[PDB]
A.B. asks: 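Pasting in a structure now, in structure tokens, and then I'll have a few things to ask.
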Amino acid sequence: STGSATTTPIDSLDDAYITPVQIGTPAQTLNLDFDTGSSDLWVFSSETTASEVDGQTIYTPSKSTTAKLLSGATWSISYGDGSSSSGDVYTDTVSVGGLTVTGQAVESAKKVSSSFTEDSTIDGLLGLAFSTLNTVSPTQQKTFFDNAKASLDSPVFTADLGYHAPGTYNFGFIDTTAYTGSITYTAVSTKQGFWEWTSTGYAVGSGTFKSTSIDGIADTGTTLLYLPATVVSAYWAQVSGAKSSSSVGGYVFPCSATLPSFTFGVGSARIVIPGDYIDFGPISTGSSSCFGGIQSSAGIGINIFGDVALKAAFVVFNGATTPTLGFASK
């Protein structure tokens with residue numbers, strides 16, 4: 001079996017991407033944030049504190065003839081940006097782009113933090129990291145991908161995120177028409193539960209490539225590209241007027257700047273992030289100071305190849321016995 005679903009930026013900045021997901025019988029369609037950096041499928045629901053729901057579409061398990069309460073099961077998660085959510089668990093039928101899993105754990109929010117409430121376009125998350133990170137207690141649950149793996153034509157899913165435009169998540173097959181040249185595969189460590197790999201280095205604009213190992217995670221659920229302070233300083237040093245602002249919380253630059261591209265290495269291959277991808281607009285409405293899309297990972301504890309990087313590539317998440325990551329230009 002295979003599945004294919006269109007993923008869409010939630011706003012003009014590509015702050016995140018939502019993908020429609022069918023839950024329950026009859027189908028309830030929710031727009032979820034597919035997140036290769038986490039492993040919970042959780043949804044706004046009929047159980048969510050009323051004051052914490054504002055515009056999201058909710059999952060009502062009492063209206064699904066296939067929903068079953070997973071007795072005694074709870075969940076609670078906190079994300080790298082300080083947001084959090086928690087609740088109870090049902091199992092139900094979940095379909096993505098024509099691909100169906102029966103008995104998928106659907107984590108029903110009783111509580112969400114303000115940032116989720118404030119984001120009316122995101123109805124929940126669909127985690128695609130390794131099931132070892134799933135927060136369900138006392139019995140950990142498997143991800144949608146993990147549940148579907150055995151039935152897929154090939155044990156893979158691919159992320160093809162768009163720059164200011166729709167893109168695609170495919171399950172079970174590689175669309176050879178969706179990229180240019182070849183896919184370069186690179187090793188993955190699952191030891192922290194992530195799609196963790198090592199980039200072979202970087203270049204800034206038309207500058208020479210620096211060979212250097214950068215360990216980080218492929219994370220569709222993170223907006224920006226977070227890299228070591230040395231790398232990030234080397235990048236922003238090529239932008240006149242750019243500076244790291246404590247008050248704003250990162251590198252800012254004059255909105256009148258033309259940004260250089262950023263290249264990262266995948267083995268001997270190179271992915272070029274166009275400079276326009278690195279512009280995340282005014283720090284506040286009407287400001288002429290713009291927020292940069294490449295930021296320091298210092299104090300995160302890990303480097304994060306988020307959407308800024310991934311959207312410049314066709315990315316294969318290979319869930320074979322020994323998982324690997326593949327990157328192609330597009």
Side-chain angles (χ1 to χ4, degrees), residues 9 12-15 159-165 167 178-184 186 197-220 222-242 244-246 248-283 287-300 302-315 325-330:
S12 70
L13 297 178
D14 300 349
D15 280 317
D160 184 4
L161 304 177
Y163 168 66
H164 296 172
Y179 58 89
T180 63
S182 55
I183 308 178
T184 298
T186 195
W197 63 293
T198 300
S199 166
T200 48
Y202 73 97
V204 174
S206 60
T208 72
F209 185 87
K210 176 77 169 176
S211 291
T212 187
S213 293
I214 301 161
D215 181 303
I217 67 170
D219 185 2
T220 59
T222 288
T223 312
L224 304 187
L225 171 55
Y226 293 92
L227 294 172
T230 50
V231 179
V232 179
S233 182
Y235 176 81
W236 287 112
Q238 298 301 311
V239 180
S240 280
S244 185
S245 165
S246 178
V248 177
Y251 282 87
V252 301
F253 69 97
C255 287
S256 66
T258 304
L259 297 175
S261 63
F262 185 88
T263 302
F264 62 96
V266 184
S268 54
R270 305 290 178 254
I271 300 298
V272 183
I273 305 166
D276 311 41
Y277 289 25
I278 297 163
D279 175 7
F280 273 77
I283 59 177
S287 177
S288 65
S289 176
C290 276
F291 197 69
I294 297 178
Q295 298 289 345
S296 182
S297 64
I300 293 184
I302 200 161
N303 300 299
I304 304 163
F305 291 90
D307 300 333
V308 166
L310 302 183
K311 76 173 139 194
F314 179 87
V315 189
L325 266 178
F327 290 88
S329 299
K330 68 191 182 187

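Index from 1, following the sequence. Values reported hereafter were calculated over all heavy atoms of this structure, with side chains retained and with hydrogens, waters and symmetry mates removed.
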A.B. asks: The criterion is side-chain hydrogen bond (donor to acceptor under 3.5 Å, both in side chains); which residues satisfy it with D219, sequence neighbours excluded?
C.D. replies: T222
A.B. asks: Which residues satisfy the salt bridge (charged side-chain N to carboxylate O under 4.0 Å, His left out) test with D160, sequence neighbours excluded?
C.D. replies: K330
A.B. asks: To the nearest 0.5 Å, how far apart are CD1 in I283 and OG in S245?
C.D. replies: 6.5 Å
A.B. asks: Relative to each other, are the rings of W236 and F253 parallel, tilted or perpendicular (30° and 60° limits)?
C.D. replies: parallel
A.B. asks: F264 versus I214: any side-chain heavy-atom pair under 4.5 Å?
C.D. replies: no
A.B. asks: Return the minimal non-hydrogen interatomic distance between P254 and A242, and the atom names on each side.
C.D. replies: CD-N, 4.0 Å
A.B. asks: To the nearest 0.5 Å, how far apart are OG1 in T223 and CG in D307?
C.D. replies: 5.5 Å
A.B. asks: Would a distance-only check, ignoring hydrogens and angles, find a side-chain to backbone donor-acceptor pair under 3.5 Å from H164 to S12?
C.D. replies: yes
A.B. asks: What residues form a ring pair (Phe, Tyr, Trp, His ring centres under 6.0 Å) with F262, not counting sequence neighbours?
C.D. replies: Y202
A.B. asks: Only pairs at least two apart or in different chains count here, so list each side-chain hydrogen bond (donor to acceptor under 3.5 Å, both in side chains) that has a residue in residues 255-282.
C.D. replies: none
A.B. asks: Among residues at least two apart in sequence or on other chains, which ones pass ring pair (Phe, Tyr, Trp, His ring centres under 6.0 Å) with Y179?
C.D. replies: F314
A.B. asks: Looking at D15, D14, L161, which one forms a side-chain contact (heavy atoms from CB on, under 4.5 Å) with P9?
C.D. replies: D14
A.B. asks: With rounding to the nearest 0.5 angstrom, report the CG to CZ distance, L224 to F305.
C.D. replies: 13.5 Å
A.B. asks: Under the 3.5 angstrom rule, does the side chain of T180 hit a backbone N or O of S329 as a donor-acceptor pair?
C.D. replies: yes
A.B. asks: With a 4.5 Å cut-off on side-chain heavy atoms, are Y226 and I302 touching?
C.D. replies: no
A.B. asks: To the nearest 0.5 Å, tell me how far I273 CD1 sits from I294 CD1.
C.D. replies: 5.5 Å
A.B. asks: Among residues at least two apart in sequence or on other chains, which ones pass side-chain hydrogen bond (donor to acceptor under 3.5 Å, both in side chains) with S296?
C.D. replies: none
A.B. asks: Closest approach of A312 and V272, non-hydrogen atoms and distance?
C.D. replies: CB-O, 3.7 Å
A.B. asks: Considering non-hydrogen atoms only, spot the tightest contact between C290 and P282 and give its length.
C.D. replies: SG-N, 3.6 Å
A.B. asks: Which atom names give the shortest non-hydrogen contact between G293 and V308, and what distance separates them?
C.D. replies: O-CG2, 3.8 Å
A.B. asks: Side chains of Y163 and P274, heavy atoms from C-beta outward: is any pair under 4.5 Å?
C.D. replies: no
A.B. asks: Which heavy atom of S289 sits nearest to which heavy atom of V252, and what is that distance?
C.D. replies: OG-CB, 3.5 Å
A.B. asks: Could you walk me through whether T184 and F327 pass the side chain to side chain contact (heavy atoms under 4.5 Å, CB included) check?
C.D. replies: CA-CA 5 Å; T184 298; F327 290 88; 5.6 Å; no
A.B. asks: Please name the pair of heavy atoms, one in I278 and one in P260, separated by the smallest distance, quoted to 0.1 Å.
C.D. replies: CD1-O, 3.7 Å
A.B. asks: How far does CD1 of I183 sit from CG of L325, to the nearest 0.5 angstrom?
C.D. replies: 11.5 Å
A.B. asks: Side chains of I304 and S297: does their closest heavy-atom pair fall under 4.5 Å?
C.D. replies: no
A.B. asks: Just checking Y251 against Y235, ring centres under 6.0 Å apart?
C.D. replies: no
A.B. asks: Has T186 got a side-chain atom pairing as donor or acceptor with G267's backbone, closer than 3.5 angstrom?
C.D. replies: no
